[PDB]
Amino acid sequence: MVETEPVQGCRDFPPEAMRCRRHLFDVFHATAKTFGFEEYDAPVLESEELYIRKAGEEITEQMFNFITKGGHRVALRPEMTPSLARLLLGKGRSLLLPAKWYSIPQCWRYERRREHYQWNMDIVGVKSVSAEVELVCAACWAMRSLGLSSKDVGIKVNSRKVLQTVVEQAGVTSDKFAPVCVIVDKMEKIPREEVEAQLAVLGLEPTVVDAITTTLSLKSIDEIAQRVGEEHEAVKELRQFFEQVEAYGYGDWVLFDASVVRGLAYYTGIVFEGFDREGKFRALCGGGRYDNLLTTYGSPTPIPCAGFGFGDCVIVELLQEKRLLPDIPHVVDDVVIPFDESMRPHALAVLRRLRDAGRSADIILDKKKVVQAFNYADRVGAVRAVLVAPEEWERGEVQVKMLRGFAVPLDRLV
């Protein structure tokens, strides 16, 4: 035999598993359309340039890359956001803004699974927190559409500006801010002592760290205000954020967590994460504001951006745990059963009529006995079995039977 298992770390999607994936993707699509985003795509294979940010990131560290025969540096994309930036940047003044773009790219890592699908939603050209508000509400919407509630999940929200103020006041050149987020992002996962030591390696001093941990463990926006001011950008922003989410009707879904930073270098302002309220699973989704990526890529004018990624794995685990992923059995409207081979030409004409009317229909393709054909109809989840027999055809009729046996005229079938 040839190897029937897929390549290391990659999933097969036979029809059963594919119905589960469609169930999910359908929601990502429907949500995106509900929120007015526009679909886009770009190649899974990008130039390796695009992902060299040098902030010790997990996503750049764990990169599926290789060299073409021509000697060019390429890589299977680990995330979408850089591809988006390339596209947006490719369009100059010609891109109407604001722009709301979404996609469901397969993304790759080398190491544990090595690929996944990630819904991406991004808003371009909106300075205000109204964008983050929309994005966060989109993630909730999607989760709600999958049957989840604010009892089951929520979205932790923060701003990196708070910590930016604190880092800056510590005398630390602003270049250090990206690696500091990537290290502090590991605060939950790994112990307190082993995070400290990373910051010491990147040249930071002890009193400047104290203020980091303290601010990380601040429990409220009012507590942040005490430390930084009530008309600091972040406080006004976050109050506006929570006020807007409150008004849209999703206030029970969102909450402030000062420990939330995310592990990506490019986030400048608000950042967020979906999580289950039982503490069982990793982040359901993740995003934030990244107002300087496109300047970094060489845009002559800075372009404000915000968005998120919502993976295809954790959501499923969670939906299984909550018994919200029932087997989706296959369905087709009609199965057309010729009484025998002499009725095939006639069964085809029937098949053609049914399909013309927008119905999904099979016709039995092999030579088989009526009861075996009917069993088959049940097995593939036919709503209806349509028997084409010679005695009924002579009368201009067929025999129909609902699975979930009467004589019926041809016109009246549809």
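A residue's number is simply how far along the shown sequence it sits, counting from 1. In this text, the rigid core denotes the largest set of C-alpha atoms whose superposition between the two forms falls within 1.5 Å.
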item: Between stretches 68-76 and 245-253, more displaced by Cα RMS in 9 other deposited structures of this protein (rigid core superposition); value: 68-76
item: Greater Cα displacement in 9 other deposited structures of this protein once the core is superposed, comparing 313-321 with 224-232; value: 224-232
item: Continuity check for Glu111 and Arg112, given as deposited residues lacking coordinates between them; value: 4 to 9
item: Mean Cα B-factor comparison, 271-279 or 178-186, giving the higher one as deposited; value: 178-186
item: Of 235-243 and 139-147, the stretch whose C-alpha atoms average the higher B-factor in the entry; value: 235-243
item: C-alpha B-factor winner, where the candidates are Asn158, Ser217, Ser128, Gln118; value: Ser217
item: Highest recorded Cα temperature factor - choice among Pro206, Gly286, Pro329, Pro302; value: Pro206
item: Within-chain third of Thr296 by Cα B-factor, per the entry; value: middle
item: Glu230 CA temperature factor, ranked by third within the chain; value: highest
item: Among modelled residues of the same chain, the CA temperature factor third for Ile52; value: highest
item: Assigned third (lowest, middle, highest) for the C-alpha B factor of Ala211; value: highest
item: Among modelled residues of the same chain, the CA temperature factor third for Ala377; value: lowest
